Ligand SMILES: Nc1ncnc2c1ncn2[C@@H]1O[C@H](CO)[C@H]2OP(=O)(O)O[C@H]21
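Given next, in structure tokens, is a single chain: the form deposited without the named molecule.
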């Protein structure tokens, strides 16, 4: 038998990956200097440099995972890989929209919003109950030392649960690229005025 990838997903072009990575680093520098963040440093961990705090960063180019397959060992991996839309789309370019950036004490990431065509590539957990399909879609930008990058999607889902119910509060800041919200418990969300568009190739990563 042939094995499957470690995971499928959208892998950004170098130019797009560079643009988004730089936007994430600027956000981290801006957020860490904001009075509202500094005041709540107790709920999070002299000043903290968030670039340092998020000291594990993706090597190479950034990506947005669809289905983790573990070469076929993960539940649902074979069903996912055999879909016509997955086979037809393999190697094809797509444009992903980034609508928000977020930081928690564990991860820093970018929220991805998918087109209908891209949702067809999203696979069919309790953390996401009552949210739209594809809510977990994200690009990991940084993790704290003891954190695994899969936490980024769980962090996003938790943020979205508060946003859904209107608990994001009034905006606590305007940054150059959008509106900043303090969600409590170390969680911060920058809702971008203009969605960022990044070009990516849907393919499989093998390690």
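Positions refer to the first chain, counted from 1.
Missing here is the form deposited with the named molecule bound; even so, the following discussion is about that form.
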query	finding
Shown-form site status with respect to the named molecule as positioned in the deposited complex after superposition (2.4 Å backbone/C-beta criterion, 3+ atoms)	open
Among the candidates 48, 145, 150, 36, the residue which, in the deposited complex, approaches the named molecule to within 4.5 Å (heavy atoms)	150
Interface membership of residue 201, the named molecule in the deposited complex, 4.5 Å heavy atom rule	no
The named molecule contact in the deposited complex: residue 53, any heavy atom under 4.5 Å	no
Residue 182: touches the named molecule in the deposited complex, heavy atom cutoff 4.5 angstroms	no
is_contact(residue 65, the named molecule) in the deposited complex, heavy atom dist at most 4.5 Å	yes
Interface segment, criterion being heavy atoms within 4.5 Å of the named molecule in the deposited complex, picked from 133-141, 93-101, 77-85, 111-119	133-141
Heavy atom within 4.5 Å of the named molecule in the deposited complex - qualifying residues of 1-15	6, 7
